[PDB]
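Protein sequence lines correspond, in order, to chains T, T', B, A and B'. A prime marks a further copy of an entry chain. Under PDB author numbering, the first residue of the first sequence is numbered 1, with each subsequent residue one higher. Under PDB author numbering, the first residue of the second sequence is numbered 1, with each subsequent residue one higher. If you use PDB author numbering, the third sequence corresponds to residues 20 to 332, 338 to 462, in order. If you use PDB author numbering, the fourth sequence corresponds to residues 21 to 63, 70 to 159, in order. If you use PDB author numbering, the fifth sequence corresponds to residues 20 to 332, 338 to 462, in order. Heads up, the beta-carbon is just placed ideally off N, CA and C, and yes, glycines get one too.
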Amino acid sequence: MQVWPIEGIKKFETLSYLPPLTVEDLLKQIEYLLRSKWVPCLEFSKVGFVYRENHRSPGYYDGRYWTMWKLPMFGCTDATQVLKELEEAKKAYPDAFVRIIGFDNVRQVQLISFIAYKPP
Amino acid sequence: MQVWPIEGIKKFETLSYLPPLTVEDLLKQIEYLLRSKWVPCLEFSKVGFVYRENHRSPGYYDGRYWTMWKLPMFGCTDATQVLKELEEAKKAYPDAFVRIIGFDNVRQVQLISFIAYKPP
Amino acid sequence: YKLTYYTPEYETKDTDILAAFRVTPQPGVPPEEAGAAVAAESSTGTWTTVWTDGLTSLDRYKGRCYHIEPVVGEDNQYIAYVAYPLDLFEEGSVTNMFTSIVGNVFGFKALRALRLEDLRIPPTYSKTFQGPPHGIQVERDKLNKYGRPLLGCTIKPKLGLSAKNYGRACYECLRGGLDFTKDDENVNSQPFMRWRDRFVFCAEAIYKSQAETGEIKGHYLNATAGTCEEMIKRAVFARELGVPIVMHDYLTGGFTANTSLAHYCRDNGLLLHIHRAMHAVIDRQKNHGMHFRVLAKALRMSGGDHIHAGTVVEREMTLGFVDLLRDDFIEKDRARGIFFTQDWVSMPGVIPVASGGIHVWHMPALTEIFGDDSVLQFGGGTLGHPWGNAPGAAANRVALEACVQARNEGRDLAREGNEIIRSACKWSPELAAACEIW
Amino acid sequence: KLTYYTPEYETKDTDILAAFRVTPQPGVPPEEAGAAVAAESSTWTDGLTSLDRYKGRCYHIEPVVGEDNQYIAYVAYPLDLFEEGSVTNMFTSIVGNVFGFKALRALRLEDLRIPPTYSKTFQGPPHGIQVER
Amino acid sequence: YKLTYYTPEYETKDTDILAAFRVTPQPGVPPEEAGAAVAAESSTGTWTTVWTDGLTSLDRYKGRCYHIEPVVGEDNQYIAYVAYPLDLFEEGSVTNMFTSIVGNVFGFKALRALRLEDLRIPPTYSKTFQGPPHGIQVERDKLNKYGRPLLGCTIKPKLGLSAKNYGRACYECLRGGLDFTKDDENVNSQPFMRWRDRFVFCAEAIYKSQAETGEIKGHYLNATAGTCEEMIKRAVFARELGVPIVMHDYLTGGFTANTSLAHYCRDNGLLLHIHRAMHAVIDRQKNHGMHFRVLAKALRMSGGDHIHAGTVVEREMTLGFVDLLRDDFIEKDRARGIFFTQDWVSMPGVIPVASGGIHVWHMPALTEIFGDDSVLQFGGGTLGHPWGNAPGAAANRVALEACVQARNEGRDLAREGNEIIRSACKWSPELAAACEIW
């Protein structure tokens, strides 16, 4: 019987209970966005999780927004070019978490977000 | 005339004003739970005391809940097996406080909680 | 008579509310008379003439049976289609819609059995309703949760837990990976646990679990009560505690109370989880009652952000009213119980909540059948884990995310499900332990 | 039979009693169907309380004369299950879940014994027959 | 007459409220007439016939003396048992229960003395009462305190302290190990210290002591006032300060005001400490008045989380109404003053509060006599410590926990108490200093 850890395994919503993805696994998740005609975009932050500093009313949280890395990659057909910006983001901000998000112009919403890099 | 200390003697409710219990004293407190047909359970935390971060209304405090170590030890007849999980808890989390709590299915409540290990 | 109320050449108006009844006439009652009787006894039928009818034009207020046909279902059953004028219904009142349509006709002697199967809610009527306080997309944005079904757990034992032991179970479930824990529908305020004590300890569990994991956590705090004043009082304290979601048993509480609560939740940013307690009193039998899709449409109009939708372990019928709950435009599809094309003109959708005997092995089927916009509720599927609530939650979160990953890669969940789960068992001892017992 | 079919249980004066007309599925004995009605309309965390204090129990089963495969199941619910003054919660507790149980082909709640201890938590009619007159 | 009101073959109904009176008839008044008079003059007795009785059935509204017997207590005393119909009493009103039973009969000329000893409160009546705002178990869960009596201290001097010096004493007592400090029953709002100033400084002391020790601390802030509006205003500010417990003198304030305060405390999560000021005006003399167990049952119905229960330094009588205050079901036991089997049908219990001349040497007897579910209040037992309030609190906390440890090990507190205390004196210089002076 194992005890679920209380520290060191803070989470980043969907796919963060899986082991760290390989580069091939990561590309497969990117190709899923492209095949779905969803626009990938990178987000980064040195603070990983939500907090409640400015208000505590229902539905208000701080730290849900991260910072956009460049722009959404409209018209992307090459999943490796997303990987190329991920490596750019990690080289400029090695101490920042980087997650890959997705937008759909059809549903008119953000519908994807999964972690792609954690600082050591 | 001695002045009651202001630091270094933070407390953990019942039995924490006594000297640190021996292993024999600790087993006697465990046997009290078993003879009383109460179910022992271990709890652990790296934060030792209560605080008020999310709300300050009457009766609301944070830090009353700790984390359950495994499950309540239903059907326990061997007080040393509680001691065995205490040593397991301390080896996995030497930097965590560990307290022994007790549940009664008859009163339908938690009715026991005393400190069993403090980090150095 | 027949030709006053059986009007088979009537062309339905875009403002009509349409109903599809499954009618079982009494022996000797021809189908055209049963159809006229369903329309008449759910509108302007009178057993004797009244002079006051000369003060108006009653044809503008009658329901019309414009089609009736036998169904392959059981003895002597027909589907009667009825059109109701828009002027009959009070704006924004599910209560008046039900009263107007199902209030009287089910007791008519010439009808041995009667079941309302579907309703066509026109935009001119549905626009008078607020609908869900937030809806699927707003909820995802508020919780910052995307790309997977949400996960919940029903706290057990249903009754008999102290408020603090209730919150202790909630914290351990949430910290393991579940998004929500759930007040039982029966859990309101009782001698074993008063509601304000539960709200306090459940709030501590929510925030302790959220701080530990870094993900937004919730617990459906049940505001169902005996009076509208008590119901709002419980919602007000949840608002004060700042928690994200409350809960209501909309059928036993009632639509008048539910619509008031939905309005409060919209006014105060609270998500509204809806339980369908007592639905099977009404929707179980094929021959008499109201199908759940009718009660599901009514909840979407009156207001709710989640609604319990049953299990899949009949599927196509369930998929039918899931679409009716979630989508903006649902094409007619009687094979899935959709008797009318339904246009919701941008009224938000409701997240369906799957619950009943579900454990980790069912995660591939659930993710494939419902897709991402659902909540998967576990009972013993979390609390029955041999290592406790947090490892049980971890097993369910791992199993779900392994299914989402495989589906995203293009793999076939209906055929590769067991191997996807078994493969995930290799690096998750928590999931392996769950799969050894189930 | 199970921990929910207790055919010699003596009802308490505080119990809410229910009479269900139960139609079991083919191959479901009435004793098994009656225990399911009590269980599905009531009940590691179980070790933190006493479940027998909060279970509904089917204390009597009898056939419906003149109808095949129809039985009246009598179930006793402890007083502590119900919120005072809330018909909403009484309905939720008793009829909220059991009518959907797959082992029951059909189910009809015929009657309810409302104990004076529970009914005294309700205002009742705003006036009633004699005041109105 | 006798046979209208003395009905010795009457079988009590499960809805009857039963009373046990200790009656001292006047010389020449036979016991059966005294018994009939107690029932008649506490229900439907009239000195002349009235025609309006023909408009109803009075036998359904009369009290009945169904048993009377001499007691071994003093001259010419009897116990008269009376049954009152449930319809006589307003639901949820201790005020009407007292008015209906004790409102008139104590002044009847033929009764030289009269004392109400006990009441049988049926579930059909007790269920119309909220009872304690939280009760024993909820309080333990809220405070996260288990397995030992709670500890409090009455701040002295009773009157004459400034609000700040009041709070200074409170902080020093709490920081030493006590769970609570206490406003005197006389401390409401007075020229020497206005209530809002006291609440402010006492709140600072609560939170400073809690932050220093890490344990939840409280101070019974007295909300007793001259009007219900002032009383609620003081409870509202305690709610704003977020403190855990307030206080009320329920007998001098009154049951109508106390029931209102108990309802507020339940609505706002406040524990309610109840003082029994003026009880001895009523409950001291064996021959006339109302025994404290009656006033204790009434407080549990009207509402309170603590109640002062006196000292043990007569014990079996005290243990009797402690059980009546704490337990769910109390069997008849007249040797301990329990004249009726009392079923509380899950109404929460009240924590009894022991107070009066108690110091450290009494800790073994108190822990053995009351068990864990009590509050032990010290007066000079804390403030009279030669080293001050914090060492005095430490001595009491050490003495208590050494008693709890020894009892948990199976040792005999009634016989080994002095050695348990002396042994603890060896490693607690604070306790040793207390035992040198007391």
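An exposed status is given to B':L178, since fewer than 16 other beta-carbon atoms sit within 10 Å of its beta-carbon. Proximity to B':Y269 across B':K227, B':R258, B':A230, B':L318 peaks at B':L318, based on C-alpha coordinates. In this structure the stretch 22–37 of chain T' lies against the stretch 106–120 of chain T', because at least three pairs of beta carbons, one per stretch, are closer than 8 Å. Put simply, the CB of A:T63 is far from chain T', with every gap to its CB atoms at 9 Å or more. Using a CB distance cut-off of 9 Å, T:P58 counts as an interface residue toward chain B. The beta carbons of B':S61 and B':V90 sit no closer together than 9 Å. Leaving aside the five residues that flank T':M73 on each side, the residues in its chain whose CB is nearer than 6 Å to its CB run, in chain order, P40.
For B':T200, the uninterrupted beta strand (DSSP E) segment begins and ends at 199–201.
Of all residues in the stretch 250–272 of chain B, only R258, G261, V262, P263 place a beta-carbon less than 7 Å from a beta-carbon of chain T.
If you draw a 10 Å sphere on the C-beta of A:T114, you find 16 or more other C-beta atoms in it, and that means buried.
Of all residues in the stretch 24–42 of chain T, only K28, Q29, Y32 come within less than 7 Å of chain B when Cβ atoms are compared, listed by chain position. Put simply, the CB of T':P72 is near chain A, with a gap under 9 Å to one of its CB atoms. Proximity of the stretch 125–145 of chain A to the stretch 36–50 of chain B' falls short of the contact definition, fewer than three beta-carbon pairs being nearer than 8 Å. Under the DSSP assignment, B':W214 falls in the alpha helix (DSSP H) whose first and last residues are 214–232.
Around the CB of B:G150, 16 or more other CB atoms lie within 10 Å, so the residue is classed as buried.
Excluding the 5 residues flanking it on each side, B':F311 has same chain C-beta neighbours closer than 7 Å at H298, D302, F345, in chain order.
Beta-carbon to beta-carbon, B:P176 and A:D106 are separated by about 13 Å, too far to satisfy the 8 Å threshold. Against chain A, the CB of B:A188 has a partner CB under 9 Å away; the residue lies at that interface. Identification of residues in the stretch 138–150 of chain A having a C-beta nearer than 7 Å to some C-beta of chain B' yields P142, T143, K146, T147, given in sequence order. In this structure, B':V374 places its C-beta atom within 9 Å of the C-beta atom of B':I155. Runs of beta strand (DSSP E) with 3 or more residues, each lying fully within the stretch 53–115 of chain B, are found at 83–89, 97–103, listed in chain order. Contact between B:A99 and B:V48 is ruled out by a C-beta separation of about 12 Å, above the 8 Å threshold. Under the DSSP assignment, T':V39 falls in the beta strand (DSSP E) whose first and last residues are 39–45.
Nearest in C-alpha terms to B':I326, of all of B':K316, B':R253, B':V332, is B':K316.
For B':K227, the closest Cβ of chain B is not nearer than 9 Å. At a C-beta separation below 7 Å, A:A99 has no neighbours in chain B, since its nearest C-beta there lies roughly 16 Å away. Residue burial is scored here from C-beta neighbours: B':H267 has at least 16 other C-beta atoms within 10 angstroms and is therefore classed as buried. Taking all protein chains shown into account, B:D78 has fewer than 16 neighbouring C-beta atoms within 10 Å of its C-beta and is therefore exposed.
Contacts between A:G73 and chain T', judged by CB atoms closer than 8 Å, involve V39, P72, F74, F103, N105 in chain order. Under a 10 Å Cβ-count criterion, B':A359 is classified as exposed, with fewer than 16 other Cβ atoms of the shown protein chains found around its own Cβ. Under the DSSP assignment, B:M266 falls in the beta strand (DSSP E) whose first and last residues are 264–268. Among the residues of chain A, those whose CB is under 9 Å from the CB of T':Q108 are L74, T75, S76, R79, following chain order. When Cβ-Cβ separations below 9 Å define contact, T:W4 makes contact with chain B.
CA-to-CA, the gap between T:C76 and T:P5 works out to about 39 Å. Counted as a single uninterrupted DSSP element, the beta strand (DSSP E) harbouring B:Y239 occupies residues 237–241.
For the pair of segments examined, the stretch 374–386 of chain B' was found not to touch the stretch 213–228 of chain B: the number of CB pairs separated by less than 8 Å stays below three.
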